[PDB]
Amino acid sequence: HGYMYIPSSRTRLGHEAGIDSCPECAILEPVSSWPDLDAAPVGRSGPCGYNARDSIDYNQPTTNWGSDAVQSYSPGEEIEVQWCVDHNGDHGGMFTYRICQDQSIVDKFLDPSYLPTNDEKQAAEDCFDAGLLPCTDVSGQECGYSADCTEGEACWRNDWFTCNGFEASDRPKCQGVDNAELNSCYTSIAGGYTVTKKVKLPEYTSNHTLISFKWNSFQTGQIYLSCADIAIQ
């Protein structure tokens, strides 16, 4: 149970708007999330998430999210990206952030009068994958391999970020990464912990595009997807 926190995602804004009672509850399941991180289709969840708790499809804007960029950044900027894990739903695993570079695909997620089809959602996922923001593109960031993977498996990749070992790495699981305090970010079930990294943006400008967050659970056959509206200017 988790969702993208900084820049503020559609899911964060939906909670803040009184629409989403459980932002951390937006789940793609059941899926094979491990060890082949990109295998499972995204179905209804798409790159922005679907929350079955209150039946919210974040892939299309509403009066409460998706109309405009929440934050503007510069081309090639190394930016802070943060997600929030609930105290009772820290499943370990690996996560990543992506920007789809095809504005024509992105634009299908920016129209309040249009709901993308499941095919469109998968096409977008494939574009996001081609635009993954590698951990190792940030100068000085340490990009480890997962304690829950072995060499050469499909999970053995440090473009993605990893949570700590589900034994610990001292500081087990996702919460161990920042080792932050409880309620450092909002979750509804048991209170949230931050999970904070940097990514390097691409070098083109756009007035309105999307970062999509994807977290592949280790403990469970679940994927957590969110997206944030951003500008690169």
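The term rigid core refers to the maximal set of C-alpha atoms that superpose within 1.5 Å between the two forms. Sequential numbering from 1, following the sequence displayed.
Rigid core fitted first, then name the stretch among 168-176 and 31-39 whose C-alphas deviate most from the displayed form in 7 other deposited structures of this protein.
Higher root mean square deviation of C-alphas in 7 other deposited structures of this protein is shown by 168-176.
Taking C-alpha RMS after core alignment, which stretch differs more from the shown form in 7 other deposited structures of this protein: 200-208, or 50-58?
If we average over structures and residues in 7 other deposited structures of this protein, the farther stretch is 200-208.
Comparing 167-175 with 181-189, which has the greater mean CA B-factor as deposited?
167-175 has the higher mean C-alpha B-factor.
Report the stretch with the higher mean CA temperature factor, choosing between 209-217 and 21-29 on the basis of the entry.
Stretch with the greater average CA B-factor: 21-29.
Out of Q103, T96, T136, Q82, highest CA B-factor residue:
Highest CA B-factor of the listed options: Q103.
Which is it among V195, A39, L201, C48: the one with the largest CA B-factor in the entry?
Top of the list by C-alpha B-factor: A39.
Lowest, middle or highest third: which one holds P112 when the chain's residues are ordered by CA B-factor from the entry?
As the PDB entry reports it, the C-alpha B-factor of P112 lands in the highest third of its chain.
Pull the Cα B-factor of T150 out of the PDB entry and bin it into the chain's lowest, middle or highest third.
Its C-alpha B-factor, which the entry lists for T150, ranks in the highest third among residues of this chain.
Taking the chain's C-alpha temperature factors as the reference, tell me which third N158 falls into: lowest, middle or highest.
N158: CA B-factor falls in the lowest third of its chain.
Would you please rank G92 by its C-alpha temperature factor against the other modelled residues of its chain and give the third it falls in: lowest, middle or highest?
Answer is lowest: the recorded C-alpha B-factor places it there.
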